[PDB]
Amino acid sequence: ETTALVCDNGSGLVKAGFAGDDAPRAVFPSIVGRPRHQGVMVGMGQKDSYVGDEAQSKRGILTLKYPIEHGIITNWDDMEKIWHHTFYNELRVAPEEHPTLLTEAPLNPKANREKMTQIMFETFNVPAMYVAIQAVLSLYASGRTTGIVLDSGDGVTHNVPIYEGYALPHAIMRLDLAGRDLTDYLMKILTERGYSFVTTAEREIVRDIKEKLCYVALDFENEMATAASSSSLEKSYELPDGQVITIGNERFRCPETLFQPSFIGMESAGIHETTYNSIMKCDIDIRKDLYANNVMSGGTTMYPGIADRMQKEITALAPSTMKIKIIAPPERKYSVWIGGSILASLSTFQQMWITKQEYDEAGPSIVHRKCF
Amino acid sequence: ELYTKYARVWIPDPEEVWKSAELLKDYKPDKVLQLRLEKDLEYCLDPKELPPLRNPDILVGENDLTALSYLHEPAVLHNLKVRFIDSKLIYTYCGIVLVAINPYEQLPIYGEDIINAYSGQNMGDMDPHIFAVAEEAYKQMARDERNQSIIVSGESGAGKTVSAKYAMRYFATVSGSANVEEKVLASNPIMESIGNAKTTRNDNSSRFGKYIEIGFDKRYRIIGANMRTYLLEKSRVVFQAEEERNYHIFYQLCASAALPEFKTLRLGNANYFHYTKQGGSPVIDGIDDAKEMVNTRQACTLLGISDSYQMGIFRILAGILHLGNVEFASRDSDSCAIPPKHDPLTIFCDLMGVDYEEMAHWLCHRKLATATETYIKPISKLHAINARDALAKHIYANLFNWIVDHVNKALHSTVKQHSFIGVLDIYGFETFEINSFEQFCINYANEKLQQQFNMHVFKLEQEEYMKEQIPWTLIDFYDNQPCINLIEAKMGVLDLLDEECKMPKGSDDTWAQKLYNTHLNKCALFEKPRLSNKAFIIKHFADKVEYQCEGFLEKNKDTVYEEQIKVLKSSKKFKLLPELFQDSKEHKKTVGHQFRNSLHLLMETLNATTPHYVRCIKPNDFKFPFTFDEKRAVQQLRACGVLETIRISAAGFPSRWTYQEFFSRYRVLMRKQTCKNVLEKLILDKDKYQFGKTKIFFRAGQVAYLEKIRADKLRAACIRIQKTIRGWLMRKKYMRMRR
Amino acid sequence: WXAXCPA
Amino acid sequence: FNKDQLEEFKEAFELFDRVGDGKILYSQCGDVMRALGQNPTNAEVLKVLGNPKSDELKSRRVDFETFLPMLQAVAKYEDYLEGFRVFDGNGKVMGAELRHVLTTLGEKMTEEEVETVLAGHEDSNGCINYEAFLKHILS
Ligand SMILES: Nc1ncnc2c1ncn2[C@@H]1O[C@H](COP(=O)(O)OP(=O)(O)NP(=O)(O)O)[C@@H](O)[C@H]1O
Ligand SMILES: Nc1ncnc2c1ncn2[C@@H]1O[C@H](COP(=O)(O)OP(=O)(O)O)[C@@H](O)[C@H]1O
Ligand SMILES: [Mg+2]
Ligand SMILES: [Mg+2]
Ligand SMILES: [Mg+2]
């Protein structure tokens with residue numbers, strides 16, 4: 001028939017695919033490269049700029065721009081290259097023929113969702129589209145109608161409580177801490193051990209170090225005492241050139257900043273306290289049922305041990321009589337996409353789409369009133 | 001008016017759905033009719049109706065039920081009753097449809113001399129007989145090189161097998177004769193054993209559509225036979241409502257367990273197994289299910305299923321029952337695990353040639369892969385049970401397809417069909433005191449066939465109106481499409497049911513609430529029962545039917561985890577188990593979606609073809625030869641949609657007479673110009689009739705009214721003569737009286 | 001963003 | 001009716017008196033009217049008789065004086081021909097069909113009455129010249 005496309009713009013990975021299947025088939029970094037060097041060989045097929053997996057194949061010679069910083073799209077012209085590459089090259093499906101579903105963080109400038117709509121109608125002639133909140137989609141992806149979703153990707157972290165399918169707008173918390181800022185801190189702590197990663201290529205190398213070797217200490221203080229007192233933690237990793245670099249307490253110490261943003265100088269408390277302070281903004285009849293489900297979403301949650309650290313220290317904050325249950329499916333890195341895949345295939349959703357008719361009638365202003 | 005002294009009417013009664021009464025004083029327009037009955041009774045004329053008139057005795061008993069100048073339930077019920085009891089004629093025509101009543105007793109009519117007598121006869125010239133359907137399809141295929149179908153509709157146990165048998169005997173004999181009929185008839189014991197289940201009304205209800213293709217060469221000699229099946233009721237394998245059984249084969253297999261060959265399967269008492277247990281009714285009365293299997297295995301032998309394959313199939317079905325016995329303990333709300341050394345799984349793994357510790361893993365986890373990576377993740381006890389039950393439904397429907405192809409291998413021919421004729425045995429419209437997803441599927445299928453039927457009839461009447469040059473505008477299509485749209489459109493009951501499966505925390509309460517929000521005052525055909533919020537009512541063509549919601553989200557769910565199929569394909573112990581699967585969206589399709597697709601493959605296979613319709617009705621429950629009961633008959637005539645077809649034809653010009661026939665009847669009232677006057681003389685409303693080239697067409701009432709005035713004219717002439725002749729005889733007897 | 005932050 | 005007519009009619013009435021009391025039965029009134037030139041239907045006879053019940057019709061006896069007003073009340077060709085043409089258009093009538101309709105329709109007569117009236121009027125084919133039969137029965 002026709003099937004919606006489902007896209008999650010994110011930062012770092014873009015992930016896209018068809019509605020009503022199990023996993024995205026286009027997953028690639030949202031990264032744009034331009035050559036900076038003198039080009040020597042005549043007759044190369046020299047190419048102006050590179051997108052996605054190509055830019056990380058050639059990264060040694062490229063500046064890498066991320067077009068999305070903290071869920072805001074800062075550079076539009078390079079964003080359009082990413083979308084254009086997604087539909088034509090990665091999916092090989094013309095956007096005129098498919099509805100499209102787009103994903104965003106809450107509490108961010110409305111001009112962003114306006115212009116994101118305008119491009120889809122005017123440049124791609126997408127027949128219809130919708131913009132959905134990442135948190136909401138994580139619940140569809142985990143099979144609940146009730147829970148408080150803690151979501152952190154690259155860029156923005158946000159909590160949204162939901163109870164029987166009603167969001168509670170006054171309780172939404174947003175925090176910029178997650179994602180790249182872990183890596184931009186890790187590069188500083190690695191400098192203490194005499195390695196220096198300056199370039200945007202080296203940033204991607206640190207981004208791989210973090211994914212391989214970092215983990216969260218259940219008690220932070222005893223594991224610093226131990227790794228000070230012994231080498232037994234120490235693990236070593238091979239750089240792209242065959243050098244080998246060795247990392248000790250830094251590898252737990254970097255994700256710990258999620259729980260103490262004082263390390264990087266951020267103003268406000270770590271995700272346990274923003275999750276608890278979010279539940280405290282909810283009327284007292286539902287707190288039991290939010291404490292009973294906490295759904296972790298997006299890639300930053302993947303650090304080993306983070307679930308047990310959360311569950312422990314929230315059980316320290318909460319009153320003792322309640323069950324705190326932390327829910328962290330192993331697939332959670334994809335949850336926002338899987339939840340959009342479920343949502344876009346519901347029959348009830350076929351009235352929700354913004355159609356081109358309504359955009360042409362009322363202009364991009366429509367998004368705010370028709371969408372959440 | 002039409003109601004006069006010496007009129008006759010049908011009054012409704014519980015003793016028999018209608019009974020005849022005589023109008024003892026003329027009605028005038030108010031609130032009592034003076035009636036006389038087989039003795040005094042009075043019948044209120046009440047808001048509103050008038051009681052329906054009775055057809056005059058020229059018409060009563062005629063072969064064709066559309067030669068009746070009133071067309072309504074009691075008239076039809078009476079004509080079938082008298083033809084069946086008084087003539088012992090079973091077959092009858094209703095319009096294009098043949099009606100064929102089950103006698104419960106053999107009759108001489110089928111012999112080859114009658115087959116010969118029917119050869120070359122147009123249907124209408126014959127007294128209706130199933131050979132008239134077979135012949136007029138065969139010779140249409142000969143005339144015009146399009147395939148033909150035969151369609152046999154009703155409650156099972158009304159003889160659909162016998163109508164198939166005699167049709168293919170006809171084809172054999174008028175062809176001349178590949179011994180196809182013997183091999184075909186040898187198929188029924190197995191295709192029942194796998195195909196049939198007890199139902200709350202009935203034993204040996206066939207739950208699947210069956211299609212037979214008889215292929216013909218360019219000579220119109222029988223080539224060979226090919227069988228297809230559609231609309232299989234897969235959900236029965238895992239779940240039954242109370243007072244029902246699973247498909248017969250499972251109980252045949254269980255009662256066989258005493259036999260030594262089946263020792264190794266460890267088949268228990270039929271109430272030992274979760275899929276047999278639930279109906280609460282292990283033993284049918286009047287059947288030895290142990291003895292049935294001696295027939296099944298013989299039919300397997302004599303269709304060329306090897307001795308090896310029979311023990312493969314009974315291994316597979318023992319597998320299904322043992323799989324059903326598998327039990328899951330929840331270790332957390334998210335996660336479940338099979339008890340250590342759980343014996344049902346041990347036996348299934350031994351029967352089926354797989355490692356215990358691979359199935360123990362794959363029953364309790366499911367796996368997802370991005371292009372780069374894979375994650376294996378646990379699933380809830382509810383998802384583990386839904387997976388196990390989908391695995392059993394997938395094994396069973398693949399076994400069933402394998403057995404059908406291994407029958408076509410026994411019936412196919414090297415010479416390929418230049419054309420074929422097709423015979424479709426299908427269940428009719430179904431209603432019980434409870435209604436459930438199976439009844440919803442069956443009734444939706446019948447609404448699709450009844451659409452096809454109404455379209456074909458409208459085709460034929462458009463042809464007949466051009467032949468007689470009466471313009472089509474005076475007839476109209478009666479359209480059931482809104483009822484199909486309510487069910488299968490986007491935002492239809494099946495669409496909202498498939499939505500509510502994938503939706504999180506989907507439940508039959510939130511489903512019902514979505515129905516009511518969507519339809520409850522948006523659509524004429526959908527209604528809510530006044531006292532309940534868990535049920536809904538669909539006005540089908542035949543009847544209103546109230547469905548309970550309480551089952552559907554159990555039954556509609558199907559998904560199979562390809563990991564478990566890949567465990568089964570890996571099996572080394574015997575050939576059949578990997579052979580079943582060999583031939584990725586379909587794993588995710590719900591039962592309602594698979595059903596609707598199979599129903600399209602059928603509706604294209606019949607739109608490919610030109611149909612002919614037979615209806616079968618079962619006139620009593622106790623199998624009493626040549627006994628008829630109005631209270632079963634009225635049900636089954638309704639479950640076959642005959643009574644709508646009659647109502648629609650009564651909205652047409654149902655009675656049509658040639659000029660000779662009319663003139664020969666009604667000269668007493670008084671060639672084409674002659675009748676063209678006589679109708680204007682006798683009828684004031686020109687709408688009541690149309691002229692044609694060879695025929696006159698009447699609106700329903702008219703022919704009985706003309707018979708009425710004819711009888712009155714004849715009465716007056718008779719009485720005038722009677723009085724004058726008797727008076728002259730009295731004047732003669734006066735002279736006798738002197739003498 | 002536009003004020004309180006770089007994006 | 002004039003005095004002569006009344007006298008002739010009374011004499012005829014007395015001829016129908018089978019008991020000697022100067023009376024007939026209700027069931028004979030029609031017979032007397034028909035013998036006197038009237039052609040009443042059985043319904044007309046019962047109406048002028050007052051729709052008598054079976055018992056008085058079969059056993060109650062009435063004298064001439066009560067009959068006379070009834071005779072008066074009853075008293076106060078092309079149709080006959082068309083009526084016979086009903087059962088035809090070659091001017092003939094089957095003997096079987098006329099017999100069946102006269103013994104089974106209308107005011108049904110006995111088979112002996114029909115045989116008596118039809119005797120000699122049907123030919124070898126079993127056809128009756130109905131114009132001649134009509135003249136015969138009207139004489
Ligand atoms: N038209 C018929 N003529 C003769 N016998 C009939 C007829 N219809 C039914 N019977 C008998 O009545 C019984 C029921 O018919 P049968 O063909 O066995 O139905 P069936 O096997 O249940 N077909 P199905 O209902 O599709 O499974 C059998 O004993 C038949 O011999
Ligand atoms: N296994 C892992 N462990 C720790 N961090 C990870 C892991 N995988 C990805 N990340 C980090 O998570 C971020 C990507 O998260 P993701 O959810 O893909 O972003 P988005 O929400 O934009 O999709 C990157 O910073 C990446 O380095
Ligand atoms: Mg994300
Ligand atoms: Mg059968
Ligand atoms: Mg049978």
# chains A, B, ... in the order shown; residues from 1 in each chain; ligands from 1
>>> residues_around(residues="segment 169-186 of chain B", least_positions_apart="2", cutoff="9 Å", atoms="only C-alpha atoms", output="PyMOL selection string")
chain B and resi 112+115-116+119+131+134-135+138+164-167+188-190+212+214+219-225+299-300+302-303+410-411
>>> residues_around(residues="residue 100 of chain D", least_positions_apart="5", cutoff="10 Å", atoms="only C-alpha atoms", output="MDAnalysis selection string")
chainID D and resid 94:95 105 108 111 114
>>> write_last_selection(atoms="N, CA, C and O atoms", output="mmCIF file, in the first residue's frame")
data_model
loop_
_atom_site.group_PDB
_atom_site.id
_atom_site.type_symbol
_atom_site.label_atom_id
_atom_site.label_comp_id
_atom_site.auth_asym_id
_atom_site.auth_seq_id
_atom_site.Cartn_x
_atom_site.Cartn_y
_atom_site.Cartn_z
ATOM 1 N N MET D 94 -66.022 -29.601 -23.394
ATOM 2 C CA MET D 94 -65.709 -30.952 -22.944
ATOM 3 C C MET D 94 -66.765 -31.436 -21.962
ATOM 4 O O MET D 94 -67.226 -30.680 -21.103
ATOM 5 N N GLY D 95 -67.152 -32.706 -22.077
ATOM 6 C CA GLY D 95 -68.073 -33.251 -21.096
ATOM 7 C C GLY D 95 -67.439 -33.416 -19.728
ATOM 8 O O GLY D 95 -68.058 -33.112 -18.704
ATOM 9 N N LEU D 105 -67.454 -26.694 -8.547
ATOM 10 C CA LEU D 105 -67.425 -25.258 -8.322
ATOM 11 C C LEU D 105 -68.825 -24.714 -8.076
ATOM 12 O O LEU D 105 -69.833 -25.373 -8.344
ATOM 13 N N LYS D 108 -72.464 -26.457 -5.906
ATOM 14 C CA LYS D 108 -72.193 -27.777 -6.462
ATOM 15 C C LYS D 108 -73.428 -28.666 -6.482
ATOM 16 O O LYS D 108 -74.156 -28.764 -5.490
ATOM 17 N N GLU D 111 -73.617 -35.610 -9.016
ATOM 18 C CA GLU D 111 -73.233 -36.213 -10.287
ATOM 19 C C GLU D 111 -74.444 -36.695 -11.074
ATOM 20 O O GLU D 111 -74.427 -36.687 -12.310
ATOM 21 N N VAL D 114 -76.107 -33.730 -12.877
ATOM 22 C CA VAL D 114 -75.322 -33.301 -14.026
ATOM 23 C C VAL D 114 -75.430 -34.324 -15.145
ATOM 24 O O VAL D 114 -75.531 -33.962 -16.324
#
>>> residues_around(residues="segment 724-728 of chain B", least_positions_apart="4", cutoff="9 Å", atoms="only C-alpha atoms", output="PyMOL selection string")
(chain B and resi 719-720+732-733) or (chain D and resi 30-31+33-35+37-41+109+113-114+117+134+137-139)
>>> write_last_selection(atoms="C-alpha atoms", output="compact mmCIF listing (two decimals), in the first residue's frame")
# COMPACT_ATOMS: atom_id res chain seq x y z
CA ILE B 719 -73.48 -20.21 -10.29
CA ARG B 720 -75.64 -18.63 -13.02
CA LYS B 732 -88.97 -31.49 -14.67
CA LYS B 733 -89.03 -32.99 -11.16
CA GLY D 30 -86.72 -22.86 -3.67
CA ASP D 31 -87.92 -25.90 -5.58
CA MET D 33 -90.09 -21.09 -6.96
CA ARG D 34 -88.06 -22.81 -9.68
CA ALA D 35 -91.05 -24.93 -10.72
CA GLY D 37 -90.50 -19.93 -13.28
CA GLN D 38 -88.12 -18.31 -10.81
CA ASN D 39 -84.36 -18.90 -10.97
CA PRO D 40 -83.18 -18.08 -7.44
CA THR D 41 -79.77 -18.91 -6.08
CA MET D 109 -74.73 -30.28 -7.79
CA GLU D 113 -78.20 -34.15 -11.70
CA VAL D 114 -75.32 -33.30 -14.03
CA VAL D 117 -79.11 -32.58 -17.62
CA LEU D 134 -78.93 -23.54 -23.29
CA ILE D 137 -82.55 -25.82 -20.41
CA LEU D 138 -84.40 -22.53 -20.89
CA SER D 139 -87.51 -24.03 -22.52
>>> interface_residues(of="chain A", to="chain B", cutoff="6 Å", atoms="only C-alpha atoms", output="ChimeraX atom specification")
/A:23,143-144,346
>>> residues_near_ligand(ligand="ligand 1", cutoff="6 Å", atoms="only C-alpha atoms and all ligand atoms", output="list in words")
residues 102, 103, 104, 105, 106, 156, 157, 158, 159, 160, 161, 162, 204 and 206 of chain B
>>> write_last_selection(atoms="N, CA, C and O atoms", output="PDB file, in the first residue's frame")
ATOM      1  N   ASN B 102     -32.057 -32.208   2.543  1.00  0.00           N
ATOM      2  CA  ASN B 102     -31.510 -33.491   2.973  1.00  0.00           C
ATOM      3  C   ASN B 102     -32.583 -34.464   3.444  1.00  0.00           C
ATOM      4  O   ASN B 102     -33.236 -34.204   4.460  1.00  0.00           O
ATOM      5  N   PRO B 103     -32.790 -35.591   2.758  1.00  0.00           N
ATOM      6  CA  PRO B 103     -33.840 -36.524   3.175  1.00  0.00           C
ATOM      7  C   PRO B 103     -33.486 -37.379   4.377  1.00  0.00           C
ATOM      8  O   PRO B 103     -34.406 -37.886   5.029  1.00  0.00           O
ATOM      9  N   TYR B 104     -32.203 -37.575   4.678  1.00  0.00           N
ATOM     10  CA  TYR B 104     -31.703 -38.629   5.562  1.00  0.00           C
ATOM     11  C   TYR B 104     -31.943 -40.040   5.045  1.00  0.00           C
ATOM     12  O   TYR B 104     -31.805 -40.998   5.810  1.00  0.00           O
ATOM     13  N   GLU B 105     -32.291 -40.211   3.776  1.00  0.00           N
ATOM     14  CA  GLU B 105     -32.529 -41.550   3.265  1.00  0.00           C
ATOM     15  C   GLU B 105     -32.222 -41.574   1.776  1.00  0.00           C
ATOM     16  O   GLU B 105     -32.550 -40.633   1.053  1.00  0.00           O
ATOM     17  N   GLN B 106     -31.612 -42.668   1.325  1.00  0.00           N
ATOM     18  CA  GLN B 106     -31.285 -42.825  -0.085  1.00  0.00           C
ATOM     19  C   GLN B 106     -32.532 -42.896  -0.960  1.00  0.00           C
ATOM     20  O   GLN B 106     -33.575 -43.418  -0.563  1.00  0.00           O
ATOM     21  N   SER B 156     -23.276 -27.620   7.889  1.00  0.00           N
ATOM     22  CA  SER B 156     -22.726 -28.949   7.684  1.00  0.00           C
ATOM     23  C   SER B 156     -23.625 -30.005   8.305  1.00  0.00           C
ATOM     24  O   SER B 156     -24.378 -29.741   9.245  1.00  0.00           O
ATOM     25  N   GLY B 157     -23.553 -31.213   7.760  1.00  0.00           N
ATOM     26  CA  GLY B 157     -24.573 -32.192   8.039  1.00  0.00           C
ATOM     27  C   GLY B 157     -25.823 -32.049   7.206  1.00  0.00           C
ATOM     28  O   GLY B 157     -26.797 -32.766   7.453  1.00  0.00           O
ATOM     29  N   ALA B 158     -25.821 -31.160   6.213  1.00  0.00           N
ATOM     30  CA  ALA B 158     -26.850 -31.119   5.186  1.00  0.00           C
ATOM     31  C   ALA B 158     -26.371 -31.678   3.856  1.00  0.00           C
ATOM     32  O   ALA B 158     -26.956 -31.375   2.814  1.00  0.00           O
ATOM     33  N   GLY B 159     -25.324 -32.491   3.869  1.00  0.00           N
ATOM     34  CA  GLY B 159     -25.040 -33.365   2.752  1.00  0.00           C
ATOM     35  C   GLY B 159     -24.134 -32.812   1.680  1.00  0.00           C
ATOM     36  O   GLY B 159     -24.169 -33.308   0.550  1.00  0.00           O
ATOM     37  N   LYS B 160     -23.339 -31.790   1.988  1.00  0.00           N
ATOM     38  CA  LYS B 160     -22.546 -31.121   0.964  1.00  0.00           C
ATOM     39  C   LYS B 160     -21.614 -32.100   0.264  1.00  0.00           C
ATOM     40  O   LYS B 160     -21.374 -31.994  -0.949  1.00  0.00           O
ATOM     41  N   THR B 161     -21.130 -33.093   1.010  1.00  0.00           N
ATOM     42  CA  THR B 161     -20.328 -34.163   0.434  1.00  0.00           C
ATOM     43  C   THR B 161     -21.101 -34.937  -0.620  1.00  0.00           C
ATOM     44  O   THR B 161     -20.555 -35.276  -1.673  1.00  0.00           O
ATOM     45  N   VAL B 162     -22.366 -35.249  -0.349  1.00  0.00           N
ATOM     46  CA  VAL B 162     -23.156 -36.019  -1.302  1.00  0.00           C
ATOM     47  C   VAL B 162     -23.424 -35.221  -2.576  1.00  0.00           C
ATOM     48  O   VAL B 162     -23.386 -35.772  -3.683  1.00  0.00           O
ATOM     49  N   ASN B 204     -18.956 -32.851  13.435  1.00  0.00           N
ATOM     50  CA  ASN B 204     -18.416 -32.853  12.082  1.00  0.00           C
ATOM     51  C   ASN B 204     -18.816 -31.588  11.336  1.00  0.00           C
ATOM     52  O   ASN B 204     -19.264 -31.627  10.192  1.00  0.00           O
ATOM     53  N   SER B 206     -17.417 -28.754   9.323  1.00  0.00           N
ATOM     54  CA  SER B 206     -16.198 -28.422   8.602  1.00  0.00           C
ATOM     55  C   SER B 206     -15.855 -26.961   8.800  1.00  0.00           C
ATOM     56  O   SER B 206     -16.674 -26.084   8.516  1.00  0.00           O
TER      57      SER B 206
END
>>> interface_residues(of="chain C", to="chain A", cutoff="9 Å", atoms="only C-alpha atoms", output="ChimeraX atom specification")
/C:1,6-7
>>> residues_around(residues="residue 110 of chain A", least_positions_apart="2", cutoff="12 Å", atoms="only C-alpha atoms", output="PyMOL selection string")
(chain A and resi 72-73+104-108+112-117+131+364-369+371-372) or (chain C and resi 1)
>>> write_last_selection(atoms="C-alpha atoms", output="short mmCIF file (atom, residue, chain, number, x, y, z; two decimals), in the first residue's frame")
data_model
loop_
_atom_site.label_atom_id
_atom_site.label_comp_id
_atom_site.auth_asym_id
_atom_site.auth_seq_id
_atom_site.Cartn_x
_atom_site.Cartn_y
_atom_site.Cartn_z
CA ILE A 72 18.35 22.37 18.30
CA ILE A 73 19.13 22.40 14.59
CA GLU A 104 11.98 15.99 18.85
CA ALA A 105 12.86 16.86 22.44
CA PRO A 106 10.34 18.88 24.48
CA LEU A 107 10.71 22.47 25.61
CA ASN A 108 12.69 23.76 22.64
CA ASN A 112 12.74 24.68 15.08
CA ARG A 113 9.58 22.64 14.55
CA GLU A 114 8.11 25.28 12.25
CA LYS A 115 11.09 25.25 9.93
CA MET A 116 11.40 21.47 10.14
CA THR A 117 7.81 21.33 8.88
CA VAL A 131 6.38 15.75 15.06
CA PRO A 364 3.63 26.38 9.14
CA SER A 365 1.97 27.94 12.20
CA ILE A 366 -0.38 24.92 12.21
CA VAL A 367 2.22 22.63 13.79
CA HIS A 368 1.84 24.04 17.30
CA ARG A 369 -1.94 23.62 17.46
CA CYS A 371 0.78 18.63 17.11
CA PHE A 372 1.63 18.53 20.74
CA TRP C 1 20.06 28.61 21.47
#
>>> atom_distance(atom1="atom CA of residue 134 of chain A", atom2="atom CA of residue 147 of chain A")
13.9 Å
>>> closest_atom_pairs(of="chain A", to="ligand 2", cutoff="7 Å", atoms="only C-alpha atoms and all ligand atoms", output="tab-separated table")
residue	atom	partner	partner_atom_place_in_ligand_line	distance
A:9	CA	ligand 2	22 (O)	6.6
A:10	CA	ligand 2	22 (O)	3.1
A:11	CA	ligand 2	22 (O)	3.7
A:12	CA	ligand 2	22 (O)	5.3
A:13	CA	ligand 2	18 (O)	4.8
A:14	CA	ligand 2	23 (O)	6.4
A:152	CA	ligand 2	21 (O)	6.2
A:153	CA	ligand 2	21 (O)	3.3
A:154	CA	ligand 2	19 (O)	4.3
A:155	CA	ligand 2	22 (O)	6.9
A:179	CA	ligand 2	25 (O)	4.4
A:180	CA	ligand 2	25 (O)	5.4
A:207	CA	ligand 2	27 (O)	5.0
A:208	CA	ligand 2	27 (O)	6.7
A:210	CA	ligand 2	4 (C)	6.2
A:211	CA	ligand 2	3 (N)	4.1
A:212	CA	ligand 2	3 (N)	6.8
A:298	CA	ligand 2	17 (O)	3.9
A:299	CA	ligand 2	17 (O)	3.8
A:300	CA	ligand 2	12 (O)	4.4
A:301	CA	ligand 2	4 (C)	6.9
A:302	CA	ligand 2	3 (N)	4.6
A:303	CA	ligand 2	3 (N)	4.6
A:333	CA	ligand 2	17 (O)	5.3
>>> decode(residues="chain C", atoms="C-alpha atoms", output="PDB file, in the first residue's frame")
ATOM      1  CA  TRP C   1      20.056  28.608  21.474  1.00  0.00           C
ATOM      2  CA  UNK C   2      19.805  32.306  21.336  1.00  0.00           C
ATOM      3  CA  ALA C   3      20.897  33.446  24.639  1.00  0.00           C
ATOM      4  CA  UNK C   4      21.578  31.409  27.744  1.00  0.00           C
ATOM      5  CA  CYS C   5      23.690  28.892  25.713  1.00  0.00           C
ATOM      6  CA  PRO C   6      25.827  28.546  22.520  1.00  0.00           C
ATOM      7  CA  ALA C   7      23.221  26.820  20.385  1.00  0.00           C
TER       8      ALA C   7
END
